[PDB]
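Dropping the structure in here first, questions after.
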DNA sequence: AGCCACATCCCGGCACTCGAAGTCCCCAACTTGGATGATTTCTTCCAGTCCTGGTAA
């Protein structure tokens, strides 16, 4: 699978597992963690399985060991040493005022508080063209979208069941639900 | 190899600095020569009383 220019790190990895047929939990644990362990023990010890936990700004001190795991993937998938690292969210070296935590992604630093940790929404009008969870949704200051007739990002309660893509890793549909093919200022607010 | 209890750990939060002039440095402190003789040191009288044995002829 090739990465998209605007793709989240977790989206790419989910697609990769699935592309190789590693659809189930047990093989997700396996095709990921056990292979890493058998390369070297450190690539696995630094690598918890749950998806939310995988990104750097969720991590503690042993980041370099997690990076080594990214580097093993870079070899396995015929990559480049920074192909994935250009996508990851890391600890900024810049305080952003009053000792706040701030998070750095290839040139843009966004304060910790604007990261939309829970209830990621989606836009069916773009998902039907290329189905992968995209970046710029994880931002708190971002409702609606550019293009697509505007309107609202279709929000978490799709059908009497809260949605996201991390506690339940499907893109087109989630849990009990279906394939989701379901006021004129926010399109300016959208430009983050 | 998978599941569960318990350790800590770091960010967001909170509170403090705290009134409000300075008061001199340094180096030296004395040598010598002698301390007196001649005499004497008290005497009279007195120094309480009564209670509180065991054992055998």
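Just for the range A:23-46: of the residues that are away from DNA strand B (no atom under 13 Å from the Cβ) and closer than 20 Å to residue A:66 by Cβ, which one is surrounded by the fewest Cβ atoms within 10 Å (Cβ to Cβ)? Let's see the steps before the verdict.
Taking the range A:23-46 as the starting set, the residues that turn out to be away from DNA strand B (no atom under 13 Å from the Cβ) are A:23, A:39-40, A:42-43, A:46.
With closer than 20 Å to residue A:66 by Cβ added as a condition, the list becomes A:39-40, A:42-43, A:46.
Working: A:39: 15, A:40: 13, A:42: 16, A:43: 22, A:46: 18.
Step by step, filter the range A:23-46, then rank; the result is A:40.
Check off (1) closer than 18 Å to residue A:8 by Cβ; (2) within 16 Å of DNA strand B (Cβ to nearest atom) for residue A:99 and give me the number that stays unchecked.
(1)
What's the total number of residues in the range A:65-96 that are within 21 Å of residue A:53 (Cβ to Cβ), within 12 Å of DNA strand B (Cβ to nearest atom) and assigned to a loop (DSSP other than H, G, I, E, B)?
1
Give the number of residues within the range A:126-158 that are surrounded by 14 or more Cβ atoms within 10 Å (Cβ to Cβ) and farther than 22 Å from residue A:192 by Cα.
Count: 1.
Okay, moving on. When you go through (1) out of contact with any helix residue (DSSP H, G or I) (no Cβ under 7 Å at 6 or more places or on another chain); (2) assigned to a loop (DSSP other than H, G, I, E, B) one by one for residue A:166, which number turns out not to apply?
All conditions are met except number (1).
Using ideal geometry, Cβ is built from the backbone for each residue, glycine included, and neighbour counts are taken over all protein chains shown. Every read-out reported here was derived from the displayed coordinates using simple, explicitly stated rules and does not represent laboratory data.
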